[PDB]
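Let me give you the structure first, and then I'll get to my questions.
Chain lettering (A, B, C, D, E, F, G, H and I) follows the sequence in which the chains are written, and residue indices restart at 1 in each chain.
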Amino acid sequence: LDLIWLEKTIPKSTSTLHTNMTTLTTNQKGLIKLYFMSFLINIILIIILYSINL
Amino acid sequence: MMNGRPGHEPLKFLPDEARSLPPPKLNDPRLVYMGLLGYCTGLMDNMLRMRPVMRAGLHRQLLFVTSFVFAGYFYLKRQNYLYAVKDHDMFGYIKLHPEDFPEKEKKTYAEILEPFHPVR
Amino acid sequence: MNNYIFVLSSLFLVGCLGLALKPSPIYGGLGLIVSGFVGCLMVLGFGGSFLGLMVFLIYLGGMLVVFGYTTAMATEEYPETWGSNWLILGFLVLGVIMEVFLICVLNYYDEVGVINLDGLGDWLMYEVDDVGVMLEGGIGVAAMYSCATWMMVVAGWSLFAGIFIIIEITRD
Amino acid sequence: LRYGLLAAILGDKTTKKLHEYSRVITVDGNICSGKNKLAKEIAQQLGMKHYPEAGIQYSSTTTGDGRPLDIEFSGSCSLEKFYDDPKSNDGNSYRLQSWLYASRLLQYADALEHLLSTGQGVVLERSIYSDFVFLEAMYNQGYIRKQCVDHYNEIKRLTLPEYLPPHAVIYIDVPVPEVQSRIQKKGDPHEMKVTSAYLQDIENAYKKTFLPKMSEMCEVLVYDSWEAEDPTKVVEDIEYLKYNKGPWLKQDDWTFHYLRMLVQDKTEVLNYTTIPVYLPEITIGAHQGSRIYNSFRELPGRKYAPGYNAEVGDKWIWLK
Amino acid sequence: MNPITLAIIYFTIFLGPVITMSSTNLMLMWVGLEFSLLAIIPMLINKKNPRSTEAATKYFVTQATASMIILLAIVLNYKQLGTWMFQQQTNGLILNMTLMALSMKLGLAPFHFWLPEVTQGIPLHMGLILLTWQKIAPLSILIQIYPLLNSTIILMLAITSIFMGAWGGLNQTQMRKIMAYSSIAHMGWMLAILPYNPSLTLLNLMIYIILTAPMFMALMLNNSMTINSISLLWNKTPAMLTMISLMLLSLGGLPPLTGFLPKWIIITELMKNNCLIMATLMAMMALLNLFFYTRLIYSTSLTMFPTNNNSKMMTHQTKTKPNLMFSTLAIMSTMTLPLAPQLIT
Amino acid sequence: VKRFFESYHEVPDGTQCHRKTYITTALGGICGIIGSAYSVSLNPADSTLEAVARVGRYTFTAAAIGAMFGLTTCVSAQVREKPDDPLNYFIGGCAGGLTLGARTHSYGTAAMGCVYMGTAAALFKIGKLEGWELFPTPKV
Amino acid sequence: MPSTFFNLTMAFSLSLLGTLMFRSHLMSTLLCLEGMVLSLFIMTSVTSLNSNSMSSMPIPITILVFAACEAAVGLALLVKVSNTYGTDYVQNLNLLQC
Amino acid sequence: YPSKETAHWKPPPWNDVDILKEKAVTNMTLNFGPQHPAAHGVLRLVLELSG
Amino acid sequence: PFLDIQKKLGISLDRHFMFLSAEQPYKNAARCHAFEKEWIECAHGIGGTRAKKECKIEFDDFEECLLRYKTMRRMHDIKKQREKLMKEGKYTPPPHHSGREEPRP
């Protein structure tokens, strides 16, 4: 329980999830071409959200 | 949110109506804590510049404490006026619209039947 | 003559499509020069010639500078134009086709919205003073010297500051 | 720091205060070759400020009371121990080399500050442009390792191009057997315990890298010993030198002002010498670092800022 | 950098946001934003190395594109209503593109991809002036039109801002990137409270500014751009580690530090407006922000990292670097929690 | 599509299982297209074929998660004869998490997705029963 | 006028699409920015001419001045980029990621 | 937190200056003459020009 | 404005050309000068919230004065109904709508 499974369940799994999430969110290439294409996707999504909210 | 109220002059620290408020007593825990913050600022400054902690810069510590007390006093007067005018507008709207704030009749603990939840 | 402004606006949209499609910046500057010429024509159509003539002259000097910079440093051995690449020409003709389709949809489905075939040429000049002196567009720009002195000083300070900005950047 | 942008506006123009003898002249030679007396006589008879070779205790002599402190405060490196056993496992050789480079950098900053503040020229002995020679001598003799060489090159890259090169570099060409004879005649037994291979590596480092890279950017004055050991003809050459190259020509008042700010704030001077590259030759650790630091603050005259230590006679502490 | 250019550039940097805040004209707000950008470009390129060149180029194209989207919104509003202000009945599309452009000007996620890149490669004082001064005028414009903006778009922008700010600050080691992601999370909080109470947005902006200013000053003390570089501060300047710890804990927002006060009052007003889910998610991502803050504190203050030999010579030398405003801002950003009714309005 | 996700809730749970599965699959597919577009834009593939393959993989994975979640929620509601019970949504969220773990080929992600998506779906059901506002208009 | 304004809105929309979709040339990006500027100028001028707002006629000249200052600063940054890397290719400016 | 897609990263420089490969200077070569009024007909002056 | 230096010092750096019905050069009124004037005097002193509900009549007049959406739709139907009648031939244009009129000054 204590040295294996409660540690595997709550704290180490939370740390693993947040480490994987920060790796995926900051695995960036540093290319502003990709950054501006992402900005275009953001603009398109905001237009879509406004159009469906009306 | 109070910036659109009627009779709102733009950009003055203390309007004339604020002079109708009782001023701070000048020996109260807020201004005493402001002076203590100024003294701690002076001690922090001395320790960071590697001077003696209180044996150096007595004039600097005095200026820090006095400026902190001064700014705290005037800011405290401003917030006292702001809270006073907030309560004044609140009570004015409450008096102006009594049909939205009815004096509800609360019954006593002989007409109200609270449910009983036994612990056993 | 009624759809003259519509033809000009379609040509301006085509020039902006080529500019967005991005050929070599020689051809990009050429497309934006003809877009500035078309925009000058539209301003002259809608009213006072001062604004259109001024933006034409300003972009003539501006893209003089842009062409000089492009032939200096924004060049490669084999410049890329609209038709040298199959993909770029494909999106060019696709954009033209999609523009035609979009104006057809706004003509048919939406009826009198932003585009109307029968109402074209009827709502270009809304109201004009039939008898009157000092109605041209240059009078307001002159009144910037008199009515909007804040606008005059912020434009002048922008140019002065920008001179200092460029000197500091290209100081090297 | 009294000098600043306000002082520059009110007028402290370096080009206004310069003259014909406001030069940085560095004398360089082998380990024992006529270098100390030559620079001293040049400075004496041309009216420049003489700066001897920045040793281990240079920072200790230029800061505080100026007495040489204990070695654990002043670097924990010994030239005598390097001469006795250069390949020791404590890493004394590269520790001494890096400490001497830091001392030379502080001396260069001090000399540049003196030149840009007073206008009087400086005559340095073996400045920072001639310390990679000792680097490469240690490396080719196997005394240090490639990680030490790369770390020194990194610090040299971070600290070198922010300063100006010397106006004149004077070189003394003395052969290796003559260096042997002069070292034997000096009488220091640690200095006798050196190798002709090490001195030949020093001379090779001179002739292959130091002389041309300053030849392309300043005035080079390779002189023999007999042209030397007579510090008057070299002075006539310095007088009739023409400086028509190097980056000193393109400098103006504001570039001098920013360089003066950089060389007067010593923390930015020695900022990049304390990079956190964890090389075991230089790194110390928490316990030893804290013990040495606490002993240094308990040292007399070093507990507070200079001017605030009541034990050394500072007065009006409560009013400043 | 001669004093004439210094005075002109610094006066234009000051004048930009002042014009933007003082102008009742949306166009004059736009031209104030133009002054701010065009004036801060040379201060970014001032080091003249490739990293600052990339940073200045990325900053220029990002703020230029955002400025043109602002100008589109202003011109469309002028076409629709005939005035130069989003008064009450401007189009929601115009308001949303205004929000998009001002958010990408501010640097909040998912428009935040440039901000760590821009603040990296520039000097620390330029990062300070960027992250403090450039974020007042866009927030002023957003404050001017608070009842008209879209609560759902603002709230989703706030959530993604705090999420990617917390994750980025968790990942990076560099000080400037860490403060960039901290800034992204703090703008997430300010936008989260913006549609409901702009006074709380101003309070959070002031608290964040007085929190991030002396942290940047402490970074300027030794030009420490690395976790290790700020870790050997115990040998460099030991009399500052307590203030570093207290300011980083206040940045994390624990009681009784006064940096808990903005998050506390923000979630109080948010729950007054019944968005408890939104407040809870924001608070847990603030806990992640505090996690990377606590890792920084562990690195620099509570443990003593190994030091090198030349730090002895650095301790031999003396410095007059920390100015008069460092201790004042540090104390007012550390121990001002009992003055909470005075700090709020 | 606002009418589409409103017509998700026009019928109580345990009724129109095919309809609820189809709308939930469509919503998961939309979210997968968004995520795939973000992934392709930020981290570009080596080729357009690899990019469209990644878009297809992401869209199919998210559509599978949504389909399994909606299907298992509706089946659990039908079997247990009570629609307004968040345990059905917890079972559906666990099924979606196991679908995610099966697509990613890792039991750790399977269990993680089970717990997190079950909690999220249970909170969603509680909020839709008791009128929680996710993006409330400012009222005070 | 509404068809003209819709065409101008579409011209700005495609110019913004080109601005947001980089190609190999930073000068091509700057030219897309200038197309956005021209689109906005033409909108403001035709709106002022339609509404007869001579009080708002200084607005197009002001956007011309400020956007030309933007163009000047962009050309200065582009000459810095070309001096550093030989060309203005936007894929060269990617070393700030780490 | 190094991974497969970010293990190729290097730490940033301490002074924010990156060493790049020295690009070859493309000074243009002009064949001034021989068919030129200023070359006096028979001079092939090849010119290495910067600008 | 976020800050009110212009209101405090009494200056009008940019407050005098905020709308069409403001000051114009040489007393040449903009389009819908009276309709915007009716909207501004309605909405003053009641706040932004009460302006959207109680000044809807003046704003609706001002909006389609400036945009003419109802004018175009009304005018399009007349041209559409007339053009439909020309196919069936049960309508003819008058001489004064066909270019053959008696002009007047």
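Keep this in mind: contacts are C-beta pairs under 8 Å (C-beta built on N, C-alpha and C of every residue); 3 or more make two chains touch, one makes a residue touch a chain.
For the pair chain E and chain H, chains touching both partners: A, D, G. A comparison of C-alpha centroids places E closest to the centre of the full protein. Note: centroid distance chain D to chain I, computed from Cα atoms, is 81 Å. The mean-CA centres of chain C and chain G are about 10 angstrom from one another, to the nearest whole unit.
Put simply, the C-alpha centre of chain A and that of chain B have 42 angstrom between them. Centre to centre, using the average C-alpha position, chain C and chain E are separated by 36 Å. Looking at chain C, residues 116, 123, 126-127, 129, 139-140, 143, 147-148, 150-151, 154, 158, 161-162, 165, 169, 172 sit in touch with two or more other chains.
Residues of chain G in contact with two or more other chains: 2, 5, 12, 17, 19-21, 26, 50-56, 62, 66, 69, 73, 77-78, 80, 84-85, 93-98. Annotation for chain A: residues 19, 22-23, 27-30, 32, 36-39, 43, 53 touch two or more other chains.
Screening every pair of chains for touch gives A-E, A-F, A-G, A-H, B-D, B-E, B-I, C-E, C-G, C-I, D-E, D-H, E-F, E-G, E-H, E-I, G-H, G-I. Of all the residues in chain H, the ones that touch chain E in their complex are 1, 11-12, 14, 16-18, 20.
The touching residues of chain G, counted against chain I in their complex, run 2, 50-56. Against chain D, in their complex, chain H makes its touches with residues 14-15.
Residue ranges of chain G in contact with chain E, taken from their complex: 5, 9, 12, 16, 19-20, 26, 29, 33, 36-37, 40, 43-44, 47, 51, 53, 56, 59, 62-63, 66, 69-70, 73-74, 77-78, 80-81, 84-85, 93-97.
Those residues of chain F that touch chain E in the shared complex are 123, 127, 132-140.
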